[PDB]
Amino acid sequence: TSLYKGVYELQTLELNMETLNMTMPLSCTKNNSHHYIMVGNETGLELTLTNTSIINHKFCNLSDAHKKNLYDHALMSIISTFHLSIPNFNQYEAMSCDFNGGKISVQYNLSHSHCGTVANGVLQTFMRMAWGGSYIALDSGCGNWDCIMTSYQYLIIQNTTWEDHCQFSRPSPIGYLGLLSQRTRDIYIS
Amino acid sequence: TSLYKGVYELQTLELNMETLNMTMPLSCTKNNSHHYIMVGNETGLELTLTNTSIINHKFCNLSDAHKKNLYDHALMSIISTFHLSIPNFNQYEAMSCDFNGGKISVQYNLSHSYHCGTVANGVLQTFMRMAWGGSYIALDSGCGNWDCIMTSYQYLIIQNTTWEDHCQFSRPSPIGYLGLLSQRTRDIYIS
Amino acid sequence: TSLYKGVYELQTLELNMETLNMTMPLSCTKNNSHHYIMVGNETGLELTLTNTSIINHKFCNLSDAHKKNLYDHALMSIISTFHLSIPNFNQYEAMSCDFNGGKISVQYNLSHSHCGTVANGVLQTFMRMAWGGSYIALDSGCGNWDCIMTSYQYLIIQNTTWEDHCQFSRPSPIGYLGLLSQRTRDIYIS
Amino acid sequence: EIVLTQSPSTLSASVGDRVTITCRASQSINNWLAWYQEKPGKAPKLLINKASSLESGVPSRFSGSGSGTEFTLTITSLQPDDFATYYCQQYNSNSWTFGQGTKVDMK
Amino acid sequence: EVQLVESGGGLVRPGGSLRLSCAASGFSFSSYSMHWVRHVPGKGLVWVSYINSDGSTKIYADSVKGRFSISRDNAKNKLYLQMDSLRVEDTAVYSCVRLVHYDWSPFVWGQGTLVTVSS
Amino acid sequence: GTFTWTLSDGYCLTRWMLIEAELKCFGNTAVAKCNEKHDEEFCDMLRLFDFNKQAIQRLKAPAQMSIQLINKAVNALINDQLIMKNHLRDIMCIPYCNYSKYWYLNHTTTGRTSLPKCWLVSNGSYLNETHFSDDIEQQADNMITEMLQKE
Amino acid sequence: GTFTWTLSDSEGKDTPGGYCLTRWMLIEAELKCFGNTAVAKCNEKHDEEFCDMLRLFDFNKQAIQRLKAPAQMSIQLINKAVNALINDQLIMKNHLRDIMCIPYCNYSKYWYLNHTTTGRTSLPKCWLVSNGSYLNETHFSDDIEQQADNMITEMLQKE
Amino acid sequence: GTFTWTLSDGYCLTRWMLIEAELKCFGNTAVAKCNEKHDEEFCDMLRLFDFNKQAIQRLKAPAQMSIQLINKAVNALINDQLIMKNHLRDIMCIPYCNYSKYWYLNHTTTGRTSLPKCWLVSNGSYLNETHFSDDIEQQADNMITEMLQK
Ligand SMILES: *[C@@H]1O[C@H](CO)[C@@H](O[C@@H]2O[C@H](CO)[C@@H](O[C@@H]3O[C@H](CO[C@H]4O[C@H](CO)[C@@H](O)[C@H](O)[C@@H]4O)[C@@H](O)[C@H](O[C@H]4O[C@H](CO)[C@@H](O)[C@H](O)[C@@H]4O[C@H]4O[C@H](CO)[C@@H](O)[C@H](O)[C@@H]4O)[C@@H]3O)[C@H](O)[C@H]2NC(C)=O)[C@H](O)[C@H]1NC(C)=O
Ligand SMILES: *[C@@H]1O[C@H](CO)[C@@H](O[C@@H]2O[C@H](CO)[C@@H](O[C@@H]3O[C@H](CO[C@H]4O[C@H](CO)[C@@H](O)[C@H](O)[C@@H]4O)[C@@H](O)[C@H](O[C@H]4O[C@H](CO)[C@@H](O)[C@H](O)[C@@H]4O[C@H]4O[C@H](CO)[C@@H](O)[C@H](O)[C@@H]4O)[C@@H]3O)[C@H](O)[C@H]2NC(C)=O)[C@H](O)[C@H]1NC(C)=O
Ligand SMILES: *[C@@H]1O[C@H](CO)[C@@H](O[C@@H]2O[C@H](CO)[C@@H](O[C@@H]3O[C@H](CO)[C@@H](O)[C@H](O[C@H]4O[C@H](CO)[C@@H](O)[C@H](O[C@H]5O[C@H](CO)[C@@H](O)[C@H](O)[C@@H]5O)[C@@H]4O)[C@@H]3O)[C@H](O)[C@H]2NC(C)=O)[C@H](O)[C@H]1NC(C)=O
Ligand SMILES: *[C@@H]1O[C@H](CO)[C@@H](O[C@@H]2O[C@H](CO)[C@@H](O[C@@H]3O[C@H](CO)[C@@H](O)[C@H](O[C@H]4O[C@H](CO[C@H]5O[C@H](CO)[C@@H](O)[C@H](O)[C@@H]5O)[C@@H](O)[C@H](O)[C@@H]4O)[C@@H]3O)[C@H](O)[C@H]2NC(C)=O)[C@H](O)[C@H]1NC(C)=O
Ligand SMILES: *[C@@H]1O[C@H](CO)[C@@H](O[C@@H]2O[C@H](CO)[C@@H](O[C@@H]3O[C@H](CO[C@H]4O[C@H](CO)[C@@H](O)[C@H](O)[C@@H]4O)[C@@H](O)[C@H](O[C@H]4O[C@H](CO)[C@@H](O)[C@H](O)[C@@H]4O)[C@@H]3O)[C@H](O)[C@H]2NC(C)=O)[C@H](O)[C@H]1NC(C)=O
Ligand SMILES: *[C@@H]1O[C@H](CO)[C@@H](O[C@@H]2O[C@H](CO)[C@@H](O[C@@H]3O[C@H](CO)[C@@H](O)[C@H](O)[C@@H]3O)[C@H](O)[C@H]2NC(C)=O)[C@H](O)[C@H]1NC(C)=O
Ligand SMILES: *[C@@H]1O[C@H](CO)[C@@H](O[C@@H]2O[C@H](CO)[C@@H](O[C@@H]3O[C@H](CO)[C@@H](O)[C@H](O)[C@@H]3O)[C@H](O)[C@H]2NC(C)=O)[C@H](O)[C@H]1NC(C)=O
Ligand SMILES: *[C@@H]1O[C@H](CO)[C@@H](O[C@@H]2O[C@H](CO)[C@@H](O)[C@H](O)[C@H]2NC(C)=O)[C@H](O)[C@H]1NC(C)=O
Ligand SMILES: *[C@@H]1O[C@H](CO)[C@@H](O[C@@H]2O[C@H](CO)[C@@H](O)[C@H](O)[C@H]2NC(C)=O)[C@H](O)[C@H]1NC(C)=O
Ligand SMILES: *[C@@H]1O[C@H](CO)[C@@H](O[C@@H]2O[C@H](CO)[C@@H](O)[C@H](O)[C@H]2NC(C)=O)[C@H](O)[C@H]1NC(C)=O
Ligand SMILES: *[C@@H]1O[C@H](CO)[C@@H](O[C@@H]2O[C@H](CO)[C@@H](O)[C@H](O)[C@H]2NC(C)=O)[C@H](O)[C@H]1NC(C)=O
Ligand SMILES: *[C@@H]1O[C@H](CO)[C@@H](O[C@@H]2O[C@H](CO)[C@@H](O)[C@H](O)[C@H]2NC(C)=O)[C@H](O)[C@H]1NC(C)=O
Ligand SMILES: *[C@@H]1O[C@H](CO)[C@@H](O[C@@H]2O[C@H](CO)[C@@H](O)[C@H](O)[C@H]2NC(C)=O)[C@H](O)[C@H]1NC(C)=O
Ligand SMILES: *[C@@H]1O[C@H](CO)[C@@H](O)[C@H](O)[C@H]1NC(C)=O
Ligand SMILES: *[C@@H]1O[C@H](CO)[C@@H](O)[C@H](O)[C@H]1NC(C)=O
Ligand SMILES: *[C@@H]1O[C@H](CO)[C@@H](O)[C@H](O)[C@H]1NC(C)=O
Ligand SMILES: *[C@@H]1O[C@H](CO)[C@@H](O)[C@H](O)[C@H]1NC(C)=O
């Protein structure tokens, strides 16, 4: 290939992180507006950037979701990390949810609000959880922070299957694992 | 005897961790159920795995206790650490307490849901860490099952006690308590 | 100067941490009762130890502050860290706030309460956030912990400017940054 | 208002023999029947509760059944230490009823 | 540990009175209901009375009416049974029982104390 | 937390974990480096792979595949700050480790490699060797030096 | 998440680096002393359980001797020191090994390898436990031998 | 979290970041030490300085000056436990690192310095060299040793 010092040859490794589907969720990128999180080979979450709404009511009735306990915790856990990790979140009016029969569905209204707002905070969590795709999905791939916004009005996360396969980039556990370190930072007192 | 390479002996030491009581809580096990968290050289908590209830009230008014402020702070801090560390806790009806009288009494109902998503599993996992060092005999589960542990007891009871050399099975150790300090905010569900 | 081994000369460096005003707040000490946090070269917070009250009502109406969103987040964030980091805080009656038109003003009544109380916890957070000055401001400069109290009745943190310059000690980002590591420890279940 | 009847009032047995006794309820007591072993000079020991749940410290040779009105206590192999008067108790009323008891004699 | 300790037994002349008390310890007693049971050595074990945790319900065995008064002190965690007009047939060892349905160890027994009525 | 997991038993990457066909092996040097260095993304990934392997062999899971276990294990297994470093470099227009691809600098006559370093990416694609030639040359010298010190 | 306490201040006086374990620190011996190389390794390396225990003991000593005794020995002080004193992930590592039914350190017994004509022991390593008890030399042999060679190597390097 | 930031391109401290008007430079040794040691306050500060420099050059900020970025970056850039260590030493009456001042042990004929160590403070003032003479002498020996091994 290329021998450094005429001796040392570069060759490459590329890792198959699909073998890590059990014991850790993988973050997948499909086609700019759609990203996925897969757990094992049974379930997952679709993360879509859209201009359309699915729900509109502003009653994220988590208390009922917990009491009913009809939702697969593996994904409830992921949703919690996504939400709690959103920095400076001070607008509960910015989101609606649906936990009816489990079937978790969470909708963030980025159209609630221009730098430093909740909408931008929502995109930042997304940026990391969907790190392998967010470079394109959010337009401002690099050179910016805080003053970040996209063309979409909503970030919608929904209950789905695991068979929706990647296309843009390979799945990787790094986004999720990275967000586990800091889950309680940038939180207002409230 | 155990002379390696013909020039070195293998020798051992065991640390007397009880002398650390002045600055940090120490966990220790008696029988296969009682676990104690020792504080300083005067008090502590008794963690009992039992088939008997202590509270049939089904309320836990932490805020009333806080307003009154009659409880020992070291002990409340330990209770908080234990509670907050329970992963995926959302079954609030499974927990009750009686923080009145200036005393501590906390009950976790392990039969509330009886699979692996049960609060009982989350409570037992924290127990395993808080009382690490005999918690495995008390759990009475085989090894390699932490992800899904269930036990023979109905309740995990935590009540304030007095100092005694409350040890039979294990030696006092700060490790359980210290280990939990990094897990305080992990595995928390949204509101 | 002094040559170690007759060879190695000691010379010193003194760092100018003022160049770090953008990207991180700096903690400044002025005159025992007054400490400051400055952000960039636009705003800041005055932290005063006093025997006088500014507000008295016990309604820290954070929910309204968030909904109104009229407060610079840079400082709301700092206030959040100061408050959340107070260990063993179990007395909400110990504090009042004013968020009317932003203009954040927070008053802690150290005269709420003698070891281990909320008042002492308030001073401990202060001790760290104002590390460069707290050695003097709190009297018990070293040799004590938990059983710490000062001559003042209130700790008042108010919205101010950035032009109030240090006098006692140089500004440094260390206090604030140090308090970012542990913001959820020593919290009661409530 | 629930009246329990035990039977036979007396039974004799050999050591190591298998014996059973019964208790019959009037109204239903679900499975909330308890059994006691009474030795001369001692307070009765609770052996079984919740119809068939063996109490702590009670030997495995003891068992029982029933979840309506027909109940039983059994001993798989009677020991010299099991010659006692046995009593059934219902606790589905907050006004407990005890049966008259049955006595195991040695033959 | 969960425990019930009786006291106040002794000798009573027929027609007299005796006040029993029972100390509860280690559990949130004021939230639990309680029963009194008495043991006559030549007879089976028999039920005497029951009290609700808030004192709103007080019931007695048909063989004992008008003689017993059951009460509870929630502040001090003490169960009381005041007996009067004591009869010879009331001689028994009296004890506290804490029955909790659906508890995996439903019956907490005390040690009891002897109340003797005689001439 | 620092890395605390120690790689299990000379270490090979099963062919099943590699996109490229044919599993590859490393010597003792690579293993030793992963127990001393705190900042290598390759070693960071290896710890996740050993964890996964052990968890699969030793523990059973009720459909959820023990997400609750990784949420605890993650701090012993990976350096979250490598993730934050690469994230910050990605926020800024700075080449950063994408975890998926490595240099694996080899040696033609000794059959010995460097600890593979992470191939950096920027602007939606993988960097050309030219842009990190300086690091490849440094790594070749590092291998030479290690052999000389061995001698 | 490295440790920073670095065995505090001037405790390495007298015999240089001679950090010692006193009779109230040890279960049996009234005194055991380790050399400067044990402390140098403890101060630099980030995965040894014995070393974390030295830091907890050292902290305990300093807090007791230098601070006004707080009312009721409040836990508040240790809660601010733990991250500086121990590797919280060594605890997690041993915990995971216990979960997976793999021999692990429960921070009790430690072993060190001690030269018979000199001194200069290895830094103590944790004696592992499994299935309710301590492991035999049978299972530790590979590490005991490696430690013996590491010590020999160091003597040769010193030369 | 360990330090993970690697110092950018032989490293100099701009005259604008020094109380002294003249800037100073360090060789490769100092840079290499900051990528290996986990407990040096000087290196800890340098990482904050590189971060600041890069953030200023590459990102723009809406008045708040990106406090939200440092709140994340801080764990890759600094060792918070050095802060806690110095804090604990300050609680106790023990000399500790105040971050602002350093030893910079130099070499008269080679033009080579040690990684500067933090000057400790206690009792409201800086310590005299006498009180940490042992560490200065050790550092001089460390530099000698490194040259001998070279
Ligand atoms: C950061 O790290 C990641 C790894 O984590 C690194 O890897 C990139 O991963 C993505 C996703 O795997 C790669 O994208 C693939 O590219 C190959 C090659 O593309 C050529 O051919 C397609 C054909 O249309 C062209 O469009 C393209 O321009 C190229 O000419 C594609 O072949 C891949 O598609 C196949 O796999 C997809 C995922 O399974 C399928 O969706 C798709 O249908 C194709 O599948 C075929 O094979 C499957 C095998 O299992 C089979 O199941 C299917 O049925 C079908 O037969 C995919 O588009 C990307 O190339 C990887 N990296 C590179 C640059 O090579 C990222 O690149 C890295 N990021 C950075 C910044 O460097
Ligand atoms: C821990 O680390 C910190 C750094 O983070 C270290 O730095 C100390 O910072 C403080 C504040 O800068 C220094 O205090 C200064 O001391 C100098 C010298 O003091 C002498 O002269 C004054 C004159 O009254 C005497 O009172 C004193 O006793 C001494 O004799 C003063 O000159 C400083 O005042 C000037 O700067 C202040 C801040 O801008 C102004 O408030 C003041 O008006 C003076 O400003 C003049 O120059 C400015 C230049 O920009 C100009 O703008 C002004 O208009 C004006 O002309 C100040 O009081 C302290 O000396 C620093 N450290 C040391 C000892 O050198 C801490 O010391 C260190 N702490 C420890 C030991 O743990
Ligand atoms: C720890 O976690 C366990 C989890 O199993 C809890 O156990 C559960 O407790 C509940 C509450 O006691 C049980 O519910 C009962 O379900 C039966 C179903 O038939 C129902 O009959 C019963 O009725 C009771 O409560 C009613 C409320 O008004 C009463 O009216 C009713 O009284 C009538 O009937 C009785 C006899 O049937 C007569 O004696 C009375 O005179 C009157 O006529 C009766 O008291 C409850 O609804 C639930 O079944 C049980 N789970 C299991 C598996 O058994 C523990 O309670 C919990 N402990 C703590 C401290 O949290
Ligand atoms: C973990 O270790 C702790 C100690 O370190 C163990 O806890 C101890 O348990 C002891 C009882 O086993 C207890 O001692 C008691 O002290 C009181 C003092 O008043 C005595 O009254 C007790 O009972 C005595 O009388 C009973 C009679 O009961 C029988 O007859 C009645 C008749 O109505 C029946 O209803 C009843 O069911 C029985 O059949 C005897 O049975 C007793 O043997 C005794 O003679 C005890 O002496 C200690 O106070 C207690 N200490 C603590 C701190 O808990 C704990 O049990 C152990 N855990 C495990 C899992 O082994
Ligand atoms: C890491 O993991 C190991 C392995 O499991 C644990 O090792 C055990 O530690 C305990 C505590 O030190 C040891 O228990 C002690 O045993 C002594 C000897 O017991 C024999 O003699 C008694 C006599 O009555 C018999 O009953 C017993 O069956 C044995 O034949 C006892 O003398 C000790 O008790 C002393 O203190 C109590 C305090 O109340 C007094 O009542 C006693 O009278 C006496 O003074 C104690 O019971 C146990 O043997 C060790 N196991 C092994 C395999 O060695 C480590 O503790 C654990 N460490 C951590 C930090 O987790
Ligand atoms: C809780 O921890 C403390 C501190 O470790 C333990 O107390 C200590 O016990 C040792 C003996 O084991 C005491 O040593 C003595 O020191 C004096 C000094 O003058 C000396 O003259 C004696 O010969 C002996 O060496 C030590 O001083 C003492 N320290 C304190 C603060 O009291 C205590 O025993 C532990 N308590 C429990 C219940 O575990
Ligand atoms: C669990 O915690 C409670 C609450 O602290 C302990 O009970 C309390 O014990 C103190 C004594 O240590 C009691 O105070 C004393 O009361 C007597 C009068 O009875 C008085 O003369 C003394 O001067 C002193 O004031 C206190 O009242 C008591 N409170 C309660 C609610 O019981 C309890 O003992 C602890 N558990 C164990 C096992 O010790
Ligand atoms: C997302 O948020 C926007 C803004 O709050 C909502 O649109 C507003 O709807 C009210 C209805 O009375 C109008 O009066 C406002 O003028 C609208 N504002 C804007 C900017 O459009 C929108 O409906 C929300 N969507 C969902 C699904 O919640
Ligand atoms: C995840 O979301 C899917 C929808 O895409 C849910 O699918 C059905 O949900 C209803 C809810 O009442 C169930 O009765 C059906 O059995 C589900 N269909 C299938 C094929 O299972 C799915 O239930 C959701 N998962 C969870 C755990 O809530
Ligand atoms: C928690 O507080 C509630 C009140 O806030 C207590 O329950 C009340 O008890 C009184 C008794 O007279 C009733 O009149 C109220 O209606 C009850 N309130 C409720 C909400 O049920 C409860 O006992 C307290 N629990 C604890 C653990 O202290
Ligand atoms: C920070 O506090 C200052 C007071 O010291 C505020 O000053 C004025 O606040 C009123 C509030 O209605 C505004 O209308 C004025 O325009 C402010 N004055 C100036 C010169 O700006 C200041 O607004 C506060 N900052 C924030 C973000 O709330
Ligand atoms: C680069 O390292 C690989 C690691 O194995 C070497 O590949 C092996 O080549 C030998 C024969 O030389 C085969 O027997 C093995 O099957 C190969 N291993 C693999 C990858 O399966 C490769 O030769 C090395 N290249 C250089 C330049 O030394
Ligand atoms: C201490 O280190 C400084 C680092 O540069 C040396 O200062 C330089 O001195 C040379 C001439 O010797 C000048 O050309 C540079 O401009 C100086 N640099 C600075 C600080 O701007 C200094 O000479 C060294 N001292 C010793 C004892 O070697
Ligand atoms: C899907 O999951 C089931 C779970 O039992 C497993 O047996 C099967 O092999 C998996 N198939 C895949 C990943 O294709
Ligand atoms: C949430 O609960 C309230 C009652 O608490 C109810 O009125 C509302 O309709 C519920 N919303 C949803 C989306 O279920
Ligand atoms: C104050 O901030 C403004 C922001 O635009 C900047 O241009 C100016 O140079 C700063 N002046 C200072 C620090 O003196
Ligand atoms: C806080 O809000 C309440 C109504 O929820 C109001 O009565 C009170 O006056 C407000 N307090 C302040 C300080 O604005």
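Residues numbered from 1 in each chain as written, not as in the entry; some residues may be left out. Chains lettered and ligands numbered in written order. Heavy atoms only, no water.

Section: the site of ligand 6
The condition that has to hold: Any residue with at least one heavy atom within 4 Å of a molecule or strand is counted as near it. Think of a polar contact as two N or O atoms within 3.5 Å of one another; within protein, one of them needs to be a possible hydrogen donor and the other a possible acceptor, and neighboring residues in sequence only count if both atoms come from side chains. Surface exposure here means Shrake-Rupley accessible area, sampled with a 1.4 Å probe, where a residue is shielded only by the protein chains that are shown. Nonpolar residues are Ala, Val, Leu, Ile, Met, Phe, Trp, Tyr, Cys and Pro. Charged residues are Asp, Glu, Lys and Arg, and all others, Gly as well, are polar.
Around ligand 6 lies a shell formed by B:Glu18, B:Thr19, B:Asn21, B:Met22, B:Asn41, B:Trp163, G:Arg23 and G:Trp24. More than one chain reaches ligand 6: the nearby residues come from chains B and G. Separating an oxygen atom of ligand 6 from a side-chain N or O atom of B:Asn21 is a distance of 2.4 Å. Separating an oxygen atom of ligand 6 from a side-chain N or O atom of G:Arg23 is a distance of 3.0 Å. Here ligand 6, which alone exposes 790 Å², has 42% of that area covered by the protein. Looking at the shell around ligand 6 residue by residue, the class counts come to three nonpolar, three polar and two charged.

Remarks on helix α5 (residues 174-181) of chain A
In an α-helix there are 3.6 residues to a turn, and that puts residues three or four apart on one side. Cut-off, in case you're wondering: Burial here depends on accessible area, computed with a 1.4 Å probe over protein chains only, as a share of the maximum for the residue type. Under 20% is buried, over 50% is exposed, and the range in between is partly exposed. Going along the chain from the N terminus, every DSSP run of H or I of four or more residues is numbered as a helix, and every run of E of two or more is numbered as a strand.
Of all the eight residues making up α5(A), eight are buried; the element is thus mostly covered by neighbouring parts of the structure. Every buried residue of α5(A) is accounted for by A:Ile174, A:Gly175, A:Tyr176, A:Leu177, A:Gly178, A:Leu179, A:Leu180 and A:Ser181.

A word on the sheet that holds strand β4 (residues 118-122) of chain H
To keep things clear, this is the line we draw: Only strands joined by at least two bridges in the DSSP assignment are considered to pair. Throughout, a residue-residue contact means that at least one pair of heavy atoms, one from each residue, lies within 4.5 Å. Only C-alpha atoms enter the line fits that serve as axes; for helices the fit covers just the stretch in contact. Angles between N-to-C directions range over 0 to 180 degrees.
Sheet architecture is open: four strands sit in the order β3(C)-β3(H)-β4(H)-β5(H), paired in antiparallel fashion. On the outer flanks of this sheet lie β3 (13-14) of chain C together with β5 (125-126) of chain H, each paired with one strand and no other. Sheet topology note: the β3(C)/strand β3 (residues 96-102) of chain H ladder contains two bridges and is antiparallel. Directly across from C:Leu13, in β3(H), lies its bridge partner H:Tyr102. The strands touched by helix α4 (residues 80-91) of chain H are β3 and β4 of chain H; relative to β3(H), the strand with the most contacts, the crossing angle is about 115°.

Remarks on the interface of chain A and chain F
One frequent convention defines the size of an interface as the accessible area lost when the parts assemble. Going by this rule: Using a 1.4 Å probe, buried area is obtained as the accessible area two parts lose upon being combined, added over both of them. A pair is scored as a salt bridge if a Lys or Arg side-chain nitrogen falls within 4 Å of a carboxyl oxygen belonging to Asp or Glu.
Listed per partner, the contact involves 44 residues of chain A and 59 residues of chain F. Of the roughly 4,800 Å² buried at the junction of chain A and chain F (both faces included), carbon and sulfur atoms supply 68%. In this assembly, chain A and chain F are joined by two salt bridges. A salt bridge links F:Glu137 to A:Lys5; the nearest nitrogen and oxygen atoms lie 3.5 Å apart. Our count for the chain A to chain F interface comes out at 17 residue pairs in polar contact.

Some thoughts on the state of the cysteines
Inclusion rule: We call a pair of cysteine sulfur atoms a disulfide whenever their separation is within 2.5 Å.
Scanning the model with the defined rule gives 23 disulfides over all chains in all. Note that B:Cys116 is cross-linked by a disulfide to B:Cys148, the S-S spacing being 2.0 Å. As the torsion about the S-S bond is roughly 110°, the B:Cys116-B:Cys148 disulfide counts as right-handed. Here the residue B:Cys116 occupies a position in the loop between β7 (105-109) and α3 (119-130), and B:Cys148 occupies one in the loop between α4 (135-139) and β8 (155-162), the gap between them amounting to 32 residues. Here B:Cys148 falls in the partly exposed class, since its relative accessible area comes to 24%. Covalent S-S linkage joins E:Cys22 and E:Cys96, the inter-sulfur distance amounting to 2.0 Å.

Focus on the interface of chain G and chain C
Of the residues lining the interface, 11 residues belong to chain G; the matching set on chain C comes to 12 residues. Surface buried jointly by chain G and chain C totals about 1,000 Å² across both partners, of which 46% is contributed by carbon and sulfur atoms. Three residues stand out in chain G for area buried against chain C, namely G:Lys68, G:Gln76 and G:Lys80, and they jointly supply 51% of the buried area on that side. Here chain G and chain C share one salt bridge between them. Put simply, G:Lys80 and C:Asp186 hold a salt bridge, and the shortest N to O gap is 2.4 Å. Here chain G and chain C share five residue pairs in polar contact between them. When the residues that make up the side of chain G that touches chain C are grouped by side-chain class, the tally is four nonpolar, four polar and three charged.

A closer look at the side chain of C:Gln91
Take C:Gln91: it is sitting in the loop between α2 (73-84) and β7 (95-98). Apart from residues lying up to four places away in sequence, C:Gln91 is in contact with C:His112 and C:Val118.

Some remarks on the environment of E:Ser95
Residues and elements named next belong to chain E. Its location among the elements puts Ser95 in strand β9 (residues 92-99). Taking the C-alpha atoms as reference points, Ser95 and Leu45, 50 residues apart in sequence, are found 11 Å from one another. Residues within four places of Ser95 in sequence aside, it is in contact with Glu6, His35, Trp36, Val37, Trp109 and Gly112.

What to know about the sheet that holds strand β2 (residues 8-14) of chain B
Spatial strand order, β1(B)-β2(B)-β3(G)-β4(G)-β5(G): five strands in an open sheet with antiparallel pairing. Strand pairing shows two members of the sheet lacking a second neighbour, β1 (3-4) of chain B together with β5 (133-134) of chain G, which therefore form its edges. The strands touched by helix α2 (residues 49-66) of chain G within the sheet are β2 of chain B together with β3 (104-115) and β4 (125-130) of chain G, with β3(G) carrying the most contacts at an inclination of about 100°. Sitting on the sheet, helix α5 (residues 137-158) of chain G touches β1 and β2 of chain B together with β3 and β4 of chain G, and the angle it makes with β3(G) is about 45°.

What about the site of ligand 5?
Not every one of the 16 residues close to ligand 5 is listed here, only the nearest: B:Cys167, B:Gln168, B:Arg171, G:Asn106 and G:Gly132. More than a single chain frames ligand 5: its nearby residues are located in chains B and G. Here an oxygen atom of ligand 5 sits 3.0 Å away from a polar atom, N or O, in the main chain of B:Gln168. Contact between ligand 5 and G:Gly132: an oxygen atom at 2.8 Å from a main-chain N or O atom of the residue. Expressed as a share of its isolated accessible area of 1,100 Å², the protein-covered part of ligand 5 is 42%.

Observations concerning the UniProt feature "disulfide bond" in chain G
All names here are of chain G. Note the threshold: UniProt positions are given in the numbering used here, feature names are shortened, and annotations may be inferred rather than shown by experiment.
A sulfur-sulfur distance of 2.0 Å between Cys20 and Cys33 means the disulfide UniProt records for this pair is formed in the structure. Note that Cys20 is positioned in strand β1 (residues 20-22) and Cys33 in strand β2 (residues 31-33), a separation of 13 residues in sequence. Taking relative accessible area as the criterion, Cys33 reaches 44% and is therefore assigned partly exposed. Formation of the UniProt-listed bridge between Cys105 and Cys126 is supported by an S-S distance of 2.0 Å, under 2.5 Å. Within this pair, whereas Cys105 is found in strand β3, its partner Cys126 is found in strand β4, the two being separated by 21 residues in sequence. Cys126 shares its class with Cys105; the two are buried.

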